[PDB]
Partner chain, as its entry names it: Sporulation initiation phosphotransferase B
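One chain comes next, on its own, written out as structure tokens in the form solved without its partner chain.
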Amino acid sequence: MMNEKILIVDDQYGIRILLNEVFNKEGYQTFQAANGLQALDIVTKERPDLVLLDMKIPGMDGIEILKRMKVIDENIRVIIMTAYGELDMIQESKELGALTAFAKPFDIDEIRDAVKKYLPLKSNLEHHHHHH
């Protein structure tokens, strides 16, 4: 199976290592990038399947970053982060290969839950059971 890999493009390295460890723990080889170049490096270094492109402020729109990682790997997908769906770029984001546009209101679990249900390795903590 796929070894389950992630790329977190967030400048708020708090949220970034937050997401990092969260998915990482499920099995996700998550690599934290604060910028799209970092991200380019990350894709080229690990080849993540799920790249959380924080379109907020890190450096560039997760779209332009998702497509550059799409050109190096259209195998890849992106979980671009938004100010709760500012549309336009948001539409095109998911449209180009972003699975989800997660915002300020995040359950944390819904994001890790999402990554598993999109590409599942091990996930959770204790087997695959009804409770998360």
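Positions refer to the first chain, counted from 1.
One more form of this protein exists, namely the form deposited with its partner chain bound; it is left out here, but the text below deals with it.
K.L.:
Looking at its partner chain in the entry with it bound, do all three of 31, 44 and 118 come within 4.5 Å of it through at least one heavy atom?
P.N.:
Verified in the entry with it bound; spot residues all out of contact, no.
K.L.:
Just checking whether residue 15 would be counted as a contact of its partner chain in the entry with it bound - the rule being heavy atoms within 4.5 angstroms.
P.N.:
So residue 15 counts as contacting its partner chain.
K.L.:
Give a yes/no on whether residue 100 approaches its partner chain to within 4.5 Å in the entry with it bound, heavy atoms considered.
P.N.:
No, residue 100 is distant from the partner.
K.L.:
Evaluate residue 76 for contact with its partner chain in the entry with it bound, applying a 4.5 angstroms cut-off between non-hydrogen atoms, and reply yes or no.
P.N.:
Judged by the heavy-atom cut-off of 4.5 Å, residue 76 is well away from its partner chain in the entry with it bound.
K.L.:
Can you tell me if residue 58 lies within 4.5 angstroms of its partner chain in the entry with it bound, counting non-hydrogen atoms only?
P.N.:
Residue 58: yes, in contact with its partner chain in the entry with it bound.
K.L.:
Please identify, from 67-75, 32-40, 91-99, 45-53, the stretch that has a heavy atom within 4.5 Å of its partner chain in the entry with it bound.
P.N.:
Careful reading of the contacts points to 32-40.
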